[PDB]
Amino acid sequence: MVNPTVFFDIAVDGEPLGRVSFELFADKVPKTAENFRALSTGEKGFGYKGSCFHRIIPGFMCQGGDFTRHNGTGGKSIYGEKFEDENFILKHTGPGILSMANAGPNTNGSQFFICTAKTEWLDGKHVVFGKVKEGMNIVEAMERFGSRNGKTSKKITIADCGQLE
């Protein structure tokens, strides 16, 4: 076995920006990695394709994954609405870490964030499950559209996504 690689094609107000691919650490957090992988292929009949990054704060992170309400309040996992914090083995060590957003202990759904800096205050509270493999320059380009309070100036969407490996 090998860790799955999934990709997102990002568009800015409908114009293609580029592809970011991610390695998911299924060897360390199998349940959390599987949730993100199945939401990226859309194989359960719902997922990330066509959803947006609703909150981007330059120097911190890009947050997305609300494919139900689309405004930052929704999303659901493939296990039902929410699931537990699988473990906190991995930390938020630098740019490119993929981690889960939540509303406290054991509330993981589908929303996630890509870190653009080390965010150690989130360690032990948000489950790290992947990292950017290629396309960190597209994540950096995305940051230019965010703001200190998180609203974006352009609509940043996942135009397409799926599994490569």
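Heads up, when I say rigid core I mean the largest set of C-alphas that superpose within 1.5 Å between the two forms. In this text, residue numbers run from 1 along the sequence as written.
S.K.: Please pick 32-40 or 64-72, whichever has its Cα atoms farther from the shown form in 7 other deposited structures of this protein after a rigid core fit.
M.R.: Higher average C-alpha offset in 7 other deposited structures of this protein goes to 64-72.
S.K.: When the C-alpha temperature factors are averaged for each of 28-36 and 62-70, which stretch ends up with the higher value in the entry?
M.R.: Stretch with the greater average CA B-factor: 62-70.
S.K.: Between 6-14 and 138-146, name whichever shows the higher mean Cα B factor according to the PDB entry.
M.R.: Of 138-146 and 6-14, the stretch with the higher C-alpha B-factor average is 138-146.
S.K.: So among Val127, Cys52, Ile56, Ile114, who wins on Cα B-factor in the entry?
M.R.: Among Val127, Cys52, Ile56, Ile114, the highest C-alpha B-factor in the entry belongs to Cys52.
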